[PDB]
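Trainee: 3D model of this:
(chains A, B, C and D, ligands or ions: 2)
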Amino acid sequence: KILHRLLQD
Amino acid sequence: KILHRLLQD
Amino acid sequence: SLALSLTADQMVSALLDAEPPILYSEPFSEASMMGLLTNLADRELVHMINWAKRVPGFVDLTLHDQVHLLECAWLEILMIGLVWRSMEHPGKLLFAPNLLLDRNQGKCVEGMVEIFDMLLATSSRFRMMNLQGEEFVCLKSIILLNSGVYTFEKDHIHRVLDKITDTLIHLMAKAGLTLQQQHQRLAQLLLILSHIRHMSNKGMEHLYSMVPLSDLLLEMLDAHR
Amino acid sequence: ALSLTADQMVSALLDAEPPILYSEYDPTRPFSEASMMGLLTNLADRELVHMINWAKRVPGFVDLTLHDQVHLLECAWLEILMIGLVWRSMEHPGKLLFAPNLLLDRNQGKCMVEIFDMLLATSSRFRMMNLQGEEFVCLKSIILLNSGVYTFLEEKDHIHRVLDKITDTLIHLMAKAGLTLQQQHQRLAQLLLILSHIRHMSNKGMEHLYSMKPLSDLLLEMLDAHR
Ligand SMILES: CCC(=C(c1ccc(O)cc1)c1ccc(O)cc1)c1cccc(Nc2cccc3ccccc23)c1
Ligand SMILES: CCC(=C(c1ccc(O)cc1)c1ccc(O)cc1)c1cccc(Nc2cccc3ccccc23)c1
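Mentor: Residues are numbered from 1 along each chain as shown, chains lettered A, B, ... in the order given. Ligands and ions are numbered 1, 2, ... in the order given. Let me share the structure:
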């Protein structure tokens, strides 16, 4: 999930 | 349109 | 124009009086539960049309504008009515007094558990906020006037909406809510409408995917297309 | 978040404002249906990244679980893009300013016309109401927190506490503008009612977005979020 990852970084 | 009939009756 | 001249109490007493009655319905299958629902909805539609005509300011509008508003918000109104009926039945949706269904009985038909849960979620929120009937009839009238207003006069419609806003605030001030408690409650109520709008769109979406359906329902459906 | 005052809310929101991105629009090419919609997907795809980091700067959003943040954005991403579009287009009557280099009107529009008119109507509404930037950033934050809250034991009460403060914040702005106590109520209602139509436009748009399933990797992970 890109959104989940992008919320991390 | 039926809606016209019911809006005038 | 009558509506504008009314006071907040005369507005509530007008809306509470124009209230449609609660109609009745005729293990289920897919076409069974849907079939009962379209039959119930079609009969409710006739009462809604006469309820709309008794909403202060709705008759001041042209016949064309009346059609537009009703075509746009009919399902929203059916839905908020469903949510209001199901408020005292947690985990259940009271379509009719003789038609009480919950999450597991819900499905059968394709999706319709997602939107079922949204209605239930919409049914728990009023309960938490302790939504009053006086407030409910105000929210429903707003939906009738607001949902199709930016899809068209100067209006008027905004002037009536403002009066319903003043009326909602009066009820909250009549209940001993602080000045800050009024703004907050007003906001919380009007945000539910965004979700009722959403539920209507997802339900309308499913309706255009299919039940014989009535000619009246077809006209209300061919408006969203 | 819950400790922030009204002025600290507005300032934090205004400071969190994403930039306005440009388009890869070449004016020497009369747009088609695939061309113009390609520019819009590419623009929205780049806008999403800024929205995601804007969200983290929205008071109370970080306090939520990683699970709930994803949910709130998946439901409201198009609403936030749309109200942002409407905000940019406020001083351009009859036109929608998708980008500073991309300014379209109803005639050129749908190079699809239904949703165009709705966005124009919404923009005319903000213009008629003289919407302020401090009011806009409030509404946009509300959309992020309200659109996915009734779609979730568990902590939803905190989200309402934030929403209530933004409500206070909205009231404070109107009060600091010299509006009467009645005027503050009416305007507050007028603003939040717009969100209902913003929700409508987002739904009809999303409905058209998986009708043609023009597709990037981040959009598709949110186009299935409504399917
Ligand atoms: C929420 C129910 C609903 C209604 C409806 C409207 C029009 C129509 O042709 C059929 C049903 C409805 C009926 C009476 C009311 O007083 C209020 C609303 C509706 C609307 C769109 C889709 C669906 N699908 C379903 C949703 C949730 C549960 C379901 C269970 C069985 C079948 C369909 C369901 C319902
Ligand atoms: C409202 C425009 C729009 C956007 C979009 C979003 C995601 C995507 O993959 C492609 C476009 C958009 C772009 C930038 C923003 O800052 C805000 C929104 C969108 C979204 C869904 C459907 C449509 N439908 C349309 C199709 C063809 C022509 C249109 C012309 C005007 C408005 C909508 C159109 C657009």
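Trainee: May I ask you to name the longest helix in chain C?
Mentor: helix C:179-207 (DSSP state H).
Trainee: anything in it near ligand 2?
Mentor: No. Applying CB under 6 Å from any ligand atom, one finds helix C:179-207 separated from ligand 2 by no less than 13.6 Å. Using the backbone N, CA and C atoms, a C-beta is placed for each residue, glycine as well.
Trainee: other SSEs contacting that helix?
Mentor: helix C:63-85, helix C:114-129, helix C:133-146, helix C:157-173, helix D:133-146, helix D:157-175, helix D:181-209 (3 or more CB pairs under 8 Å, 6 or more residues apart in numbering or on different chains; DSSP states H and E).
Trainee: Any idea which of those gets closest to residue C:7?
Mentor: helix C:157-173 (8.7 Å; CB to CB).
Trainee: mind listing what's buried in that closest one?
Mentor: Using 16 or more other CB atoms under 10 Å in any protein chain shown as the test for burial, helix C:157-173 gives C:157-158, C:160-172.
Trainee: List the contacts of residue 6.
Mentor: You didn't pick a chain, so chain A it is. When contacts are counted by CB atoms under 8 Å, 6 or more residues apart in numbering or on different chains, residue A:6 touches D:49, D:52, D:218.
Trainee: that's the wrong chain, I meant chain C
Mentor: Residue C:6 touches C:14, C:56, C:163, counting by CB under 8 Å, 6+ apart.
Trainee: Closest to ligand 2 out of these?
Mentor: Ranked by distance to ligand 2 (CB to the nearest ligand atom), those are led by residue C:163 at 32.8 Å.
Trainee: quick one: that closest one from ligand 1, how far?
Mentor: According to CB to the nearest ligand atom, to the nearest Å, residue C:163 and ligand 1 sit 27 Å apart.
Trainee: Apart from its neighbours in sequence, what residue is nearest the closest residue to chain B within chain C?
Mentor: Here chain C gets closest to chain B at one residue, residue C:49, 4.6 Å apart by CB to the nearest CB. What sits nearest to residue C:49 in space, not counting adjacent residues and going by CB to CB, 6 or more residues apart in numbering or on different chains, is residue B:6, at 4.6 Å.
Trainee: burial count for the closest residue in space to residue C:99 that isn't next to it in sequence?
Mentor: The spatially closest residue to residue C:99, leaving aside those adjacent along the chain, is residue C:25, at 4.0 Å (CB to CB, 6+ apart). Here the number of neighbours of residue C:25 (other CB atoms under 10 Å in any protein chain shown) works out to 15.
Trainee: Was I right to think the residue of chain C closest to chain B contacts residue C:70?
Mentor: Yes. When contacts are counted by CB atoms under 8 Å, residue C:49 is listed as touching residue C:70 (6.7 Å).
Trainee: okay, the two: which has more neighbours?
Mentor: Shown here are residue C:49 and residue C:70; by other CB under 10 Å, residue C:70 has more neighbours (24 against 20).
Trainee: mind listing what the more buried one touches?
Mentor: So residue C:70 contacts B:3, B:7, C:48, C:49, C:52, C:144, C:220 (CB under 8 Å, 6+ apart).
Trainee: how about a cut-off of 10 Å?
Mentor: By CB atoms under 10 Å, 6 or more residues apart in numbering or on different chains, the contact set of residue C:70 is B:3, B:6-7, C:45, C:48-49, C:52-53, C:58, C:77, C:144, C:147-148, C:220, C:223.
Trainee: For ChimeraX, write the selection for the buried entries among the residues you listed.
Mentor: Listed next is the ChimeraX selection for buried residues among the contacts of residue C:70, using 16+ other CB under 10 Å:
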select /B:3,6,7 /C:45,48,49,52,53,58,77,144,147,148,220,223
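Trainee: center of chain A - which residue?
Mentor: Central residue of chain A (CA atoms, centre = their mean): residue A:5, 2.0 Å from the mean position.
Trainee: Which strand or helix spans that one?
Mentor: Using DSSP states H and E, residue A:5 sits in helix A:2-6.
Trainee: Can you name the residues that contact residue C:117?
Mentor: With CB under 10 Å, 6+ apart, residue C:117 has these contacts: C:103, C:106, D:150, D:151, D:152.
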